[PDB]
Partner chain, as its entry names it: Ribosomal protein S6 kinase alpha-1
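For reference, the chain that follows is the form deposited without its partner chain, supplied as structure tokens.
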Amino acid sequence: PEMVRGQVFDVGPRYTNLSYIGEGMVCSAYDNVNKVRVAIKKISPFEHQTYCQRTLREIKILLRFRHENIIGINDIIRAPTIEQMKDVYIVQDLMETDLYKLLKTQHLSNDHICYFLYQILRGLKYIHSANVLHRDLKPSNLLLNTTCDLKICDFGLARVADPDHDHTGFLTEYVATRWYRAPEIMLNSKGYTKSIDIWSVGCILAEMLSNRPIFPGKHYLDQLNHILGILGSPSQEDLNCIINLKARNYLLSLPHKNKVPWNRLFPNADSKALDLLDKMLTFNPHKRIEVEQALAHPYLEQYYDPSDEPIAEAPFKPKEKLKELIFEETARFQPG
């Protein structure tokens, strides 16, 4: 049972020569069957039902999805019995970096931004075509290899779309990571519609243009301040779509704010990029561009090819039962 930083990282004999990547616990490791180094994440969820729920989602989703811009699961390592299974190891293609790391260190050329956005939306087209919402799109969930191929990861927070049951009250909901969370999450939305993901993609695009998050809320309640600071006050029509009174009257209480023009925030950006940005960062989720429209936008004309933007074959529909389900869902990787 081999070790790394005072912890068992027991993957053998198939996977050897381990190197620590970061934080469960992630390592690269040489795959002795396919002669390539891989990523391996050790997952230890069984003593927290929230960790079991998220692990089971990640697994079920990534096993069913097959797409060039979505990370696959190559293998899953665990004990032969439920009794002996204390951790699960998920083996994935090794990726050089992620968009979070790249944005901290690298200027992106306009051609890189265009290509990354294409790949993000291409992958999202498939996810949304399966009636699945990722719900946590952000730079660190976008993996990149040495040739800038891009793969979406971490479906632990995903849900099946449910637009008829999206409505809720004011300042309740926490969907996504704060800086990438759509304005309606704080107002009246449970984050059960596809427009939640498009907002996050818009935030990612903005961040690619300037290497800084566009809406860096310092805490949960600051996030709407940042969003409204740039988009300005919502129109009468967009307010009328918010029937809830606590949310509507909060917005009516605010002093008028004008829109900050994208070309002033992003003076070096491609004008077509800012036109698409505007449409993804639309306040009213009903008016926000959808993934298929975004793909068809002039900014992406060099790549757009709907016959090469595939869709999923069919839509997707307590701790101890979840441990059994995770055991069942991982059985295909056991010998024979």
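Residue numbers count along the first chain shown, from 1. The term rigid core refers to the maximal set of C-alpha atoms that superpose within 1.5 Å between the two forms.
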request  = Identify the stretch, either 265-273 or 62-70, whose C-alpha atoms have the larger mean B-factor according to the entry.
outcome  = 265-273
query = Got a sec? Mean C-alpha B-factor, which is higher, 225-233 or 172-180?
reply = 172-180
request  = Going by the CA temperature factor in the entry, name the top one among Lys279, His297, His286, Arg37.
outcome  = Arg37
query = Quick one: which of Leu99, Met95, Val260, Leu157 has the biggest Cα B-factor according to the entry?
reply = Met95
Cα B factor band for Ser195 (lowest, middle or highest third within the chain) = lowest
inquiry  = Is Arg248 in the lowest, middle or highest third of its chain when residues are ranked by C-alpha B-factor?
reply    = lowest
ask   = Which third of the chain does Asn32 land in by C-alpha B-factor: lowest, middle or highest?
value = highest
remark   = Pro216: C-alpha B-factor third of its chain, per the entry, is the middle
key: CA B-factor ranking of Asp111, expressed as a third of its chain   = middle
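There is also a form solved in complex with its partner chain; it is not shown, and the following applies to it.
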Of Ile243, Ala79, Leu221, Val160, the one that lies within 4.5 Å of its partner chain in the entry with it bound (heavy atoms) = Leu221
ask   = Hey, in the entry with it bound, does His112 get a heavy atom within 4.5 angstroms of its partner chain?
value = yes
ask   = At the 4.5 Å heavy atom threshold, is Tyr250 in contact with its partner chain in the entry with it bound?
value = yes
request  = State yes or no: in the entry with it bound, is some non-hydrogen atom of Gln84 no more than 4.5 angstroms from a non-hydrogen atom of its partner chain?
outcome  = no
inquiry  = Since only the chain is shown here, I'm wondering whether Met3 would be in contact with its partner chain in the entry with it bound (any heavy atom pair within 4.5 Å).
reply    = yes
key: Location of its partner chain contact in the entry with it bound, chosen stretch of 70-78, 199-207, 233-241, 119-127 [non-hydrogen atom, 4.5 Å]   = 119-127
ask   = Has each of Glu290, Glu292 and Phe333 got a heavy atom lying within 4.5 angstroms of its partner chain in the entry with it bound?
value = no
query = Heavy atom within 4.5 Å of its partner chain in the entry with it bound: which residues of 181-214 qualify?
reply = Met186, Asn188
request  = Using the rigid core as the fixed frame, list which single one of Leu142, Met208, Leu133, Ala176 shifts its Cα by at least 2 angstroms between this form and the one not shown.
outcome  = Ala176
ask   = Rigid core fitted, then: does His226 show a CA shift of 2 angstroms or greater between this form and the one not shown?
value = no
request  = Compare the position of the CA of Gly123 between this form and the one not shown after a rigid core fit and state whether the shift reaches 2 Å.
outcome  = no
inquiry  = Superposing on the rigid core, is the Cα displacement of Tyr192 between this form and the one not shown 2 Å or more?
reply    = yes
ask   = Compared with this form, is the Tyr174-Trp199 Cα separation smaller or larger in the entry with it bound, the difference being 3 Å or more?
value = farther
query = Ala39 and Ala176: do their C-alpha atoms lie closer or farther in the entry with it bound than in the form you see, with a change of 3 Å or more?
reply = closer
